[PDB]
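Novice: Coordinates in query_36.cif, mmCIF, C-alpha atoms and all ligand atoms, are listed below.
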```
data_coords
loop_
_atom_site.label_atom_id
_atom_site.label_comp_id
_atom_site.auth_asym_id
_atom_site.auth_seq_id
_atom_site.Cartn_x
_atom_site.Cartn_y
_atom_site.Cartn_z
CA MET A 1 141.62 36.33 102.44
CA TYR A 2 143.33 35.19 105.64
CA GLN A 3 142.05 31.62 105.91
CA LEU A 4 139.12 29.44 104.88
CA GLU A 5 136.17 30.26 107.15
CA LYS A 6 135.33 27.73 109.85
CA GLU A 7 131.61 27.99 109.06
CA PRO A 8 129.39 29.44 106.31
CA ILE A 9 129.50 33.20 105.80
CA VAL A 10 126.25 34.92 106.69
CA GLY A 11 125.01 37.09 103.83
CA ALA A 12 127.29 35.55 101.21
CA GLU A 13 126.03 33.88 98.04
CA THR A 14 126.35 30.09 98.06
CA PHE A 15 127.56 28.29 94.94
CA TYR A 16 126.92 24.57 94.55
CA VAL A 17 129.55 23.51 92.03
CA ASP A 18 130.06 20.33 89.99
CA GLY A 19 131.61 18.92 86.83
CA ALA A 20 131.15 15.83 84.65
CA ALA A 21 133.42 14.36 81.99
CA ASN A 22 133.45 11.36 79.67
CA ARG A 23 136.69 9.41 79.23
CA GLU A 24 135.90 8.10 75.73
CA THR A 25 135.53 11.57 74.18
CA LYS A 26 137.14 13.85 76.80
CA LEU A 27 134.00 16.01 76.57
CA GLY A 28 132.66 17.53 79.79
CA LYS A 29 130.67 20.29 81.49
CA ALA A 30 131.25 22.46 84.55
CA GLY A 31 128.90 24.76 86.39
CA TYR A 32 127.11 26.02 89.43
CA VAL A 33 123.71 26.78 90.90
CA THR A 34 123.40 29.38 93.66
CA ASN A 35 121.06 30.03 96.58
CA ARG A 36 120.18 33.33 94.90
CA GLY A 37 118.77 31.57 91.84
CA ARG A 38 121.76 32.04 89.56
CA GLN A 39 123.20 29.25 87.47
CA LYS A 40 125.76 28.65 84.75
CA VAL A 41 127.01 25.68 82.76
CA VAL A 42 129.92 25.60 80.32
CA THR A 43 130.92 22.89 77.88
CA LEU A 44 134.51 21.67 77.92
CA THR A 45 136.77 19.61 75.69
CA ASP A 46 139.99 17.66 76.28
CA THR A 47 139.01 17.43 79.94
CA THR A 48 138.75 14.95 82.82
CA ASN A 49 136.46 14.53 85.82
CA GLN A 50 138.96 16.21 88.16
CA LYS A 51 139.57 19.06 85.71
CA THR A 52 135.83 19.74 85.45
CA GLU A 53 135.57 20.01 89.26
CA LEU A 54 138.33 22.63 89.21
CA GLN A 55 136.70 24.48 86.31
CA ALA A 56 133.45 24.67 88.31
CA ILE A 57 135.20 26.20 91.30
CA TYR A 58 136.95 28.68 88.99
CA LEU A 59 133.56 29.75 87.60
CA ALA A 60 132.16 30.21 91.10
CA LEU A 61 135.13 32.35 92.12
CA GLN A 62 134.95 34.39 88.91
CA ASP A 63 131.22 35.10 89.20
CA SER A 64 130.94 35.72 92.95
CA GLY A 65 131.43 38.80 95.11
CA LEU A 66 134.21 39.35 97.61
CA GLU A 67 132.67 36.93 100.12
CA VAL A 68 131.48 33.54 98.93
CA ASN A 69 130.31 30.13 100.16
CA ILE A 70 131.20 27.21 97.88
CA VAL A 71 129.84 23.66 98.30
CA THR A 72 131.75 21.01 96.34
CA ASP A 73 131.59 17.20 96.22
CA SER A 74 135.26 16.96 95.19
CA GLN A 75 137.78 16.11 97.91
CA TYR A 76 140.45 16.59 95.24
CA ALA A 77 139.43 20.20 94.57
CA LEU A 78 138.98 20.91 98.28
CA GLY A 79 142.47 19.51 98.89
CA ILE A 80 144.12 21.63 96.20
CA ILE A 81 142.84 24.80 97.86
CA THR A 82 143.50 23.70 101.43
CA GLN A 83 147.04 22.62 100.51
CA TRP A 84 147.86 25.91 98.81
CA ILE A 85 146.69 28.03 101.74
CA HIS A 86 148.78 25.80 104.01
CA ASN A 87 151.95 26.12 101.91
CA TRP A 88 151.27 29.86 101.76
CA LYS A 89 150.72 30.55 105.48
CA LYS A 102 148.72 17.66 87.72
CA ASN A 103 146.38 20.28 86.21
CA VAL A 104 148.97 22.96 86.95
CA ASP A 105 147.43 25.72 84.80
CA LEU A 106 143.92 25.27 86.15
CA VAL A 107 145.18 25.22 89.72
CA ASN A 108 147.12 28.45 89.17
CA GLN A 109 144.02 30.11 87.72
CA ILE A 110 141.98 29.09 90.77
CA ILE A 111 144.60 30.39 93.20
CA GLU A 112 144.76 33.65 91.22
CA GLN A 113 141.03 34.12 91.84
CA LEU A 114 141.07 32.85 95.40
CA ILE A 115 143.61 35.41 96.57
CA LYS A 116 141.31 38.23 95.39
CA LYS A 117 138.56 37.23 97.84
CA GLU A 118 137.93 38.80 101.22
CA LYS A 119 136.28 35.70 102.71
CA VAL A 120 135.81 32.14 101.44
CA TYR A 121 133.99 29.21 102.99
CA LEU A 122 134.50 25.91 101.18
CA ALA A 123 132.62 22.79 102.29
CA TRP A 124 132.54 19.22 100.98
CA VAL A 125 129.39 17.12 100.69
CA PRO A 126 129.07 13.60 99.25
CA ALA A 127 127.89 13.21 95.65
CA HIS A 128 124.56 11.49 94.98
CA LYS A 129 123.37 11.61 98.59
CA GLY A 130 120.25 13.69 97.94
CA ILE A 131 121.78 17.04 98.91
CA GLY A 132 119.64 19.68 97.20
CA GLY A 133 121.92 22.20 95.52
CA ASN A 134 124.47 19.51 94.74
CA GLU A 135 121.89 17.29 93.03
CA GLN A 136 120.64 20.30 91.03
CA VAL A 137 124.07 21.23 89.67
CA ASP A 138 124.86 17.55 89.02
CA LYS A 139 121.79 17.25 86.80
CA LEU A 140 122.88 20.35 84.89
CA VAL A 141 126.47 19.27 84.20
CA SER A 142 125.86 15.53 83.69
CA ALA A 143 123.21 15.95 80.99
CA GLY A 144 124.76 14.87 77.68
CA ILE A 145 127.86 13.59 79.49
CA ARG A 146 126.83 10.80 81.92
CA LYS A 147 124.09 8.28 81.12
CA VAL A 148 121.03 8.44 83.37
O1 LIG B 201 132.04 14.02 92.13
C1 LIG B 201 131.32 13.15 91.70
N1 LIG B 201 131.54 11.76 92.06
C2 LIG B 201 130.66 10.72 91.51
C3 LIG B 201 130.89 9.36 91.87
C4 LIG B 201 130.06 8.36 91.35
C5 LIG B 201 129.03 8.70 90.51
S1 LIG B 201 128.03 7.45 89.83
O2 LIG B 201 127.80 7.70 88.43
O3 LIG B 201 128.71 6.18 89.88
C6 LIG B 201 126.52 7.45 90.74
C7 LIG B 201 125.40 7.97 90.15
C8 LIG B 201 124.18 7.97 90.85
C9 LIG B 201 124.12 7.42 92.17
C10 LIG B 201 125.27 6.87 92.78
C11 LIG B 201 126.46 6.87 92.10
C12 LIG B 201 128.79 10.10 90.12
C13 LIG B 201 129.60 11.06 90.64
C14 LIG B 201 129.36 12.51 90.27
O4 LIG B 201 128.42 12.83 89.55
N2 LIG B 201 130.21 13.50 90.81
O5 LIG B 201 130.03 14.73 90.47
MN MN B 202 131.34 16.06 91.48
MN MN B 203 128.11 15.06 89.70
#
```
Would you kindly transcribe this structure into structure tokens?
Ligand SMILES: O=c1[nH]c2ccc(S(=O)(=O)c3ccccc3)cc2c(=O)n1O
Ligand SMILES: [Mn+2]
Ligand SMILES: [Mn+2]
Specialist:
Amino acid sequence: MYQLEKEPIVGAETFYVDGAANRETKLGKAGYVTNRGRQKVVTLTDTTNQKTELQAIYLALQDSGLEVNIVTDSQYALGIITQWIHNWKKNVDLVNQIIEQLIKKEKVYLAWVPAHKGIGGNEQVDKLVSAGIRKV
């Protein structure tokens, strides 16, 4: 990939990603739902909210084709990726794994939306990852 796309990629699968963690137990979940009806959730241990957001993006990169749209509610995760591309043109291992996957893509669009603002795909993945982690 040459850059993050300036707008969504026509014809590419869209992954709504999210993570949830609990500070008392360090238990969490990460996952995605896609516009093509795919979904995945994984359970995590010794994790944090920010780590789960990175894990969700890693899953989306791993499971997507060469062109992908990713919608996250994490400014932290968005910033990690934007900063790396910049320097190219905390959570060190996870970040390296994400960059490893990112560089294999042909095109990537990555957009931020606010959490808990009624945004469809984002609310769907939030329900999936927060169950058993965050109290309703
Ligand atoms: O990235 C984030 N940031 C959040 C910030 C606040 C809340 S909250 O629990 O305080 C909340 C819940 C419901 C409505 C408003 C705020 C939840 C989240 C969340 O689930 N994800 O994924
Ligand atoms: Mn989130
Ligand atoms: Mn959430």
Novice: Go through A:137, A:85, A:77, A:61 one by one, measure the shortest atom-to-atom distance of each to ligand MN 203 (chain B) using all atoms listed in the file, and give the residue with the smallest value.
Specialist: A:137
Novice: Would you list the residues near (127.8, 34.1, 103.5) (no more than 10 Å away, in the coordinates of the file, using only C-alpha atoms) as a CSV table (one decimal) with C-alpha atoms, in the coordinates of the input?
Specialist:
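After the write, result.csv holds the following:
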```
chain,number,residue,atom,x,y,z
A,5,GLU,CA,136.2,30.3,107.2
A,7,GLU,CA,131.6,28.0,109.1
A,8,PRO,CA,129.4,29.4,106.3
A,9,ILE,CA,129.5,33.2,105.8
A,10,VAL,CA,126.2,34.9,106.7
A,11,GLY,CA,125.0,37.1,103.8
A,12,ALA,CA,127.3,35.6,101.2
A,13,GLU,CA,126.0,33.9,98.0
A,14,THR,CA,126.4,30.1,98.1
A,67,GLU,CA,132.7,36.9,100.1
A,68,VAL,CA,131.5,33.5,98.9
A,69,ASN,CA,130.3,30.1,100.2
A,70,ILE,CA,131.2,27.2,97.9
A,119,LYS,CA,136.3,35.7,102.7
A,120,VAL,CA,135.8,32.1,101.4
A,121,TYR,CA,134.0,29.2,103.0
```
Novice: In Å, how far is it from CA of residue 43 in chain A to CA of residue 126 in chain A?
Specialist: 23.4 Å
Novice: Just give me the residues with any atom within 6 Å of (134.2, 20.9, 92.8), file coordinates, counting only C-alpha atoms, written as JSON, numbers by chain.
Specialist: {"A": [17, 18, 53, 54, 56, 57, 72, 73, 74, 77]}
Novice: In Å to one decimal, how far is CA of residue 55 in chain A from atom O5 of ligand LIG 201 (chain B)?
Specialist: 12.5 Å
Novice: Can you list, as a list in words, every protein, DNA or RNA residue that comes within 9 Å of residue 1 in chain A when you count all atoms listed in the file, leaving out same-chain residues fewer than 6 positions away?
Specialist: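 What passes the distance filter is residues 114, 115, 116, 117, 118, 119 and 120 of chain A.
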